[PDB]
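One chain comes next, on its own, written out as structure tokens in the form deposited in one PDB entry.
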């Protein structure tokens, strides 16, 4: 008649010493999370492996984010519910090593996968080469993440130990970390806080802040304002009216709008090109509007060409938003001879209103301007810009209306891409924020406990064990939350969630 088999009876003989009866609010909260995390995360894998349009690098990682969340929801979640209520280990020495090893590996996989998503997004949106990763490269990085996590969390499995604690007189079994010397655990739990929480979050905040700044602000094209409908009449009716205001008659109009910079916007390239062209009879067919302020030398050069030629006009005063809109929907060509332009907001603004851009083949403008929607040249070459202004005149003897419609369709198509990339970043950023808030209490509490040595001398252990149990539930709640973020913030996931639910209950879609 051996009593080694029964640990639950020994817990009943001690149950009176530490009652809680907030156990029902924790059991209810653990069941709710268990169902939502298991249903939601499996739907994530299914929705990606069903639809081949969904197999993007961002989503393949998101599946590897749900694979680790299903692993803990099954193996680690029920064991945490029992321990945080009974304060006893009922699962034996072998599972005292495996279960905590499975949740440290899962926390490492989750931090490194979220960092690779930010990394992949930054190399695709911010890096000047605009890298386009493949599904093969995303799966090999996924394999490596699991290999790395399984190695770096091996010391945790060695350290866990299941021991019977004798001090009323009825002993009970517990599973905890057991280190030799109080010097190694403080070193390790610093390295755990860094690799799993601190270092990834600082990396992702720095990568997503550059992604937010580019997509929201630097590429923030307001299509509600830069629109064709705000104009009146036909384009040649607006052009000749505009020229007559500056004392010019009809002619192919060229427009520059930008600061007079020494190295950047490139008005010095345009000023050099006008002097090249000024020696030709084709010059008197052209009209130039140079709008800008800045370097005093280039100003004097622009006012010197303005005095000499009657088809050059320089505007140095501050222009209203609607005024630049009137120019874009009037002039024939807009010249952007930039040395450095990583966003090309001027091109999107001008093409949306019909202007045909003659721009440098630099990153922001090279992406937007194609072979059928404008003319590209070398950034620092005034002679190649002079040739392009001659080609724009030759083309302007025919009807340019076909090119204007291509420009409007290309700038709108490019704004759709920005708006699509924006929604994906906003969704990923919420996931990160929710990851930060969910792991914040348990990461801080384990640093204060294991490194700083807090909670050792207790004033009241109820509040400390309550905060510990609450923070532990929040970690599994993060696995419940992410599929809800995908449903609220991604239309591709939302419809695929509805199609998998309709098949599962009704069989109505498939």
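Numbering follows the first chain given and starts at 1.
The modelled chain breaks after residue 167 and resumes at residue 168, leaving 4 to 9 residues of the deposited sequence without coordinates. Set 68-76 against 321-329 and average the Cα temperature factors; 321-329 ends up higher. Checked against the record, the higher mean CA B factor of 457-465 and 58-66 lies with 457-465. In the deposited coordinates, the residue among 97, 265, 272, 238 with the greatest CA B-factor is 238. Residue set 378, 391, 309, 397: peak C-alpha B-factor at 397 (per PDB entry).
Placement of the Cα temperature factor of residue 426 within the chain: lowest third of the modelled residues, per the deposited record. In the deposited entry, the Cα temperature factor of residue 482 sits in the bottom third of values across the chain's modelled residues. The PDB entry assigns residue 91 a C-alpha temperature factor belonging to the middle third of its chain's modelled residues. The deposited CA B-factor of residue 185 belongs to the highest third of values across its chain.
The entry lists a Cα temperature factor for residue 470 that places it in the middle third of the chain's modelled residues.
If you look for the form deposited in another entry, you will not find it shown, but the lines that follow are about it.
Checking 86, 95, 417, 463 against the motion between the shown form and the other one, you find the hinge between the rigid parts at 417.
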